[PDB]
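In: Any chance you could fold what I've pasted below:
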Amino acid sequence: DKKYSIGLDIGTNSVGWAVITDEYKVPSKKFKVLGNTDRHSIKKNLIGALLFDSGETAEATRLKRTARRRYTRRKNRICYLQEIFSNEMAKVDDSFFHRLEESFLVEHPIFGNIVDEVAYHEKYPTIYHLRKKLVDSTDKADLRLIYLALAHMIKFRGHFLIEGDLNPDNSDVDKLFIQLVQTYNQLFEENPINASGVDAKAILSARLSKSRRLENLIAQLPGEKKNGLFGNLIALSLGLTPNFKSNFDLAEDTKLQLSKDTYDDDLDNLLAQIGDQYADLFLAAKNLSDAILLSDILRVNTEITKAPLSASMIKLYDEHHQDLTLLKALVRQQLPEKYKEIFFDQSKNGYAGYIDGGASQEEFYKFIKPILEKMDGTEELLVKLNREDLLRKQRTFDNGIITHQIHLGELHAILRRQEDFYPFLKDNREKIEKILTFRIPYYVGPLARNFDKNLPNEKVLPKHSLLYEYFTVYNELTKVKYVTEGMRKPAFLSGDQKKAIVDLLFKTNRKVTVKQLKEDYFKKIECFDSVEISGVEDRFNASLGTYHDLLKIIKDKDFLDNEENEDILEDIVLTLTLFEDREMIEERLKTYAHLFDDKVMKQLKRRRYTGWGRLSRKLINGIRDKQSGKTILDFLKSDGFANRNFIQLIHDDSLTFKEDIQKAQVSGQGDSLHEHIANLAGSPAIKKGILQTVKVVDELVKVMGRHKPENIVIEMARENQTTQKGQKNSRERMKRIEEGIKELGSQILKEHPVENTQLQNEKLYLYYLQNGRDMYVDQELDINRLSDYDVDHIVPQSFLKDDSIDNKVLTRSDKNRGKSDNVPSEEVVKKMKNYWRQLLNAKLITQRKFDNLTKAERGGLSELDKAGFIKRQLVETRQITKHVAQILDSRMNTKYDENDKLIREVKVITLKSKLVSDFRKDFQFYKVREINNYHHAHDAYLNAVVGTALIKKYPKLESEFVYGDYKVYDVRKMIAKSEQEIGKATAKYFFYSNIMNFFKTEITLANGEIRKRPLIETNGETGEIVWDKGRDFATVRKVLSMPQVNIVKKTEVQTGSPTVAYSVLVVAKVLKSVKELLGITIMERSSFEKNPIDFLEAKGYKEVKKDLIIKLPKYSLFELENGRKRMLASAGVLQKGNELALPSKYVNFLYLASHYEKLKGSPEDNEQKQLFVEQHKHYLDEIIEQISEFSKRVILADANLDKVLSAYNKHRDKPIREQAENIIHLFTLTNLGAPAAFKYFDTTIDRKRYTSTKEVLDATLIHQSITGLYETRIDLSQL
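Out: Numbering: from 1, shown residues only. Now the structure:
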């Protein structure tokens, strides 16, 4: 039994997965297959890929934001915080937490007496009045006030944080602005924004309108228009309502507004249209937005305090009141018609709409500015409106992290002082910190969970509740036994005997003795002379004491005994328990004045109760056993001869009571996976993919026999390069060139015109980007001789791998860069800097490129430069990937030590998808998407290899790419200050900052000098073998060439045109037998499943075997003869079911051939690969052979195969690159799924579709699990 790791490759249409074991191998396992076939076992490698469409299904609905889900899981956090306070709160005010809960259903009092309740609302009209008072508090503060402050934050927080989210050092307008442009530049490498010398803090946090601050900023970004994408983001974060339809050429108007209730959903619908690459862009806009709005706000306050947001909000409160007071007088007087429109009508923008009706600030100003301009005396009101300062409200801070940290600061201030008076607060600092800050996936160990023990979030009954005391008395009686004159054994009290006894004895005396039970009931009523009694001792312990209490006050025994007042009386005792003061009781009691005299109500209002019980009504009287329909109290009252009691009933498996209690302990023990994923920023596809990833990992752990993996290594699927977004890139390069040639005033586009699609050539682009000139030497280049010239890396590959235009120049010879191993030579910078500057200002190089060319002027590559290179390659910054990491980390690491620290047995590693992509290129494991779907699985395999190699080779780097709170090492203390300082395994890890250098056997320096590395890489300190260049590359080639890879096209049952939910197999009469395929529609579905046969009969079928009605969802998979597979699609059509595998030798060949000219890389190494393509021309035959063999066996499109085969022979002499590029088209004949037309050479090959679904009814149905590892096969031939 050995350790393993999982690699994951998460995409919007595909989850790829791979388990790897020691020495980076992929294990295999035999898997029992179920059903009616004579195949009972199958052997399977543990590597696969799940493929899924993204449409209207129930799983889609589950991943939508769901309010009742949020409510319930948030109630766990609220309730947990109450539990921590419950003990000390009991000493201050035992009814506090129950009082607040009753008032949750008023949509109001917080205190027991009228004095405190009035004094609380006079002093704390807002939560910020409270916070500020508490922070300023020198001595012990009232615990209710402390609780109320904390509870208000966690009640109204949109979403809590995960590890690595807090960043308090970079929470200011300027850095958040850079973050936005950096995130923007990641997505638009050709038209990046230079933000150098832009005072964004001053421009964006001014006393000017949003619209002016937009124009001011956009005016400082050369070439950027106000309604362009970057302007609209700035518009978004300033508080405006930009429209992104034109930036992305969208279908409809798609406008966005941060303050709206629907913004979160609105963003996901946009991402669903433009791609989840953009999500972090709109997240950067949100945090900037928050930093802007907090500066404007905090500016009003002038008092030095640990509650600066509170101090500001109090000020704005007072200013809001005066301004509203005047506006009301102005309107009442000058425009009384419009008063109710303005101040009461939430349906309209206007004050009412603005506050209680979700109209935004700008919508409100837009409505009210004309009203103000037409009135007298609105001069400064209008001034405030135009600097965005008029009647700001208080609720502008529930979401986002920049907000969260400001709140946490104030609350931590309160807790630090109040810890000195409430030891329990120091005792639970970390628990309370977790409640205030972070996601709580589970309430176990230190966070394990007044409230009803059985039902966690349900509150208890008052201990003097009449219903509670009935439960107490009946629970005791149901275990009394009696024995009479005519009996051999004792018997239980009857349903009627119990009621008889309660009516007769428990309602006439406070305590009931056993003598009374014997004499006053068993003698006098049942006429017995000898009676012995077990189950009770001197007297019963349970008393109906509140019945007797009220009997003296009401003096209407009929009223007490009447079952319909039971909840009236329950309400009365609740009220007499929650409050302690006659005026406040009598307020609440006044609704019952039609039921009692004033004589009685003066008496009732004086009858306070104190105390709370152990159980809640819902449990005792509320939940009902399914079959019997009876509550627990019902069973205590009568339960046949069984006479179960409370503790019996809870645990009896023959009653649903047990199961409902467990269903509630489960819901209250942690949060909701689907709610978590539902609230991420992303499309519904990215969310479906994350849910699949969680499913795949669960099944993989089941497969490895419940053993957890050592590491899980996650990457986000690298995206395919469509030719559509490929030509969008040409248009972008063209616009950057045109705009740059204009500002240079150079005639180069007229001397050499160029259509945009030619700019895809690296060298030609660089030639225009460089205005026709060498970049290291003052000279022109000849546009007709670019083949002779070099592409040089500004920062050498030894230090960072960056093959972008932003790290490349076009020289005559790379020797022109200078002779150093570092950035270009100081002699080159001098002769060329002024040219570079001109280019930089023309936006033909970037600020990063310029700084890098000139770096020799500043001492070359510093330690700091190198440490940031490390982080640049390691750290994956996408947000959603941090949440995938936590979700898996949450599920995997659940035990706690004897410290109350998390024991991390599974390390969840996150890698940039680039690392794997570079690895395939650096070591020739080339990817050719077109062949099959295996490359998803291959990526997950490679990702698991590269991730687990890194963590073993460079453990100290853990903190940068493993989820968790790890010891943060400074990367610069890991950087050797000379290369010879690294020949030994001292603590320094690198001199040449490409972290992937340890895989290479020889590294080439920028000048040409070559450093060798040992064939076997060991970790410095542990000595462990990490990578053996002699074995481990071969292992990888083996896994990739491996032909059987588990591919699963997720089947779907639809939910949103005659749309079918799923087909079904009917075997029946119409007499003689038919095997038919019938599609149930979404309307039909409800009916059909209710009564299958009656639905089926009314369709003309009869004498159907209902045990042979097989449900067949979309893409059900069938196997026929010779392993030919078919998938069942919609519209009575079948899809191709087989995946065609090719070994590495062929894949690499096809790749390097189709790239024979486009060959970026070393000039000698470029020929070594061209030689390989040449010397293996015979692979063209070998491939065509496999494609043909595959096609005749499973494709069955003999017509097109002949055309293809004929056309291949005729063109066998065209250059190799051409035949390969055209073989790569062929694979769409063999591709799994819907057949689709393609072109081979000149020839067009039209799709042969599969129009008869009859075929499958006698084939074998293959039902796959998510990994495809567990099959159950059903031979329909024998049906």
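
In: use CA for all of it now, contacts and neighbours both
Out: OK.

In: residues touching the residue lying closest to residue 743 once chain neighbours are set aside, list them.
Out: With CA to CA, 6 or more residues apart in numbering as the criterion, residue 743 has its nearest non-adjacent residue at 5.7 Å, and that residue is residue 842. Contacts for residue 842 (CA atoms under 8 Å, 6 or more residues apart in numbering) come out as 739-741, 743-744.

In: So residue 842 versus residue 1130, what's the distance?
Out: Distance of residue 842 to residue 1130, given as CA to CA, to the nearest Å: 55 Å.

In: Next: residue 1190.
Out: Distance from residue 1190 to residue 1130, counting by CA to CA: 25 Å.

In: Check residue 358 too.
Out: 43 Å.

In: so residue 535 touches residue 479, yeah?
Out: Yes. Using CA atoms under 8 Å, residue 535 is in contact with residue 479, at 5.8 Å.

In: Those two - which one has more neighbours?
Out: residue 479 (17 against 13; other CA atoms under 10 Å).

In: which SSE is the more buried one in?
Out: Element membership for residue 479 (DSSP states H and E) is empty, with no helix or strand holding it.

In: quick one: residue 6 is in a strand?
Out: Yes. Counting by DSSP: H, G, I helix; E, B strand; the rest coil, residue 6 is part of a strand.

In: from here on, count from 19
Out: All set: I'll call the first residue 19, so the last point we hit is now residue 24.

In: Next one: it from residue 944, what distance?
Out: Residue 24 is 22 Å from residue 944, by CA to CA.

In: And residue 892, by the same measure?
Out: Distance check for residue 892 against residue 944: by CA to CA, it reads 22 Å.

In: swap in residue 67?
Out: Residue 67 sits 18 Å away from residue 944, going by CA to CA.

In: what about these two, which has more around it?
Out: Neighbours were counted for residue 67 and for residue 944 using other CA under 10 Å; residue 67 has more, 30 against 21.

In: So residue 277 sits against residue 380, correct?
Out: No. Look at residue 277 against residue 380 with CA under 8 Å: they stay out of range, at 10.1 Å.

In: between the two, what contacts are shared?
Out: Counting by CA under 8 Å, 6+ apart, the residues touching both residue 277 and residue 380 are residue 257.

In: Settle this for me: residue 1257 is touching residue 1247, isn't it.
Out: No. With contacts counted by CA under 8 Å, residue 1257 stays clear of residue 1247, the gap being 10.2 Å.

In: Show me which of the two is the more surrounded one.
Out: The neighbour comparison of residue 1257 against residue 1247 (other CA under 10 Å) goes to residue 1247, with 24 against 15.

In: how close does the more buried one get to residue 1213?
Out: Distance of residue 1247 to residue 1213, given as CA to CA: 8 Å.

In: Residue 1103 now?
Out: On the measure of CA to CA, residue 1103 and residue 1213 end up 34 Å apart.

In: More neighbours: which of the two?
Out: residue 1213 (24 against 16).

In: Tell me how far that one lies from residue 643.
Out: Per CA to CA, residue 1213 is found 57 Å from residue 643.

In: just residue 936 next, same as before
Out: The gap separating residue 936 from residue 643 is 62 Å, by CA to CA.

In: Which of those two has more residues huddled nearby?
Out: Ranked by neighbour count (other CA under 10 Å), residue 936 and residue 643 place residue 643 first, with 19 against 16.

In: And for the more buried one, nearest residue in space, chain neighbours not counted?
Out: Nearest to residue 643 is residue 674, by CA to CA, 6+ apart, at 5.1 Å.

In: contacting residues around the one you found?
Out: Residue 674 is in contact with 642-644, counting by CA under 8 Å, 6+ apart.
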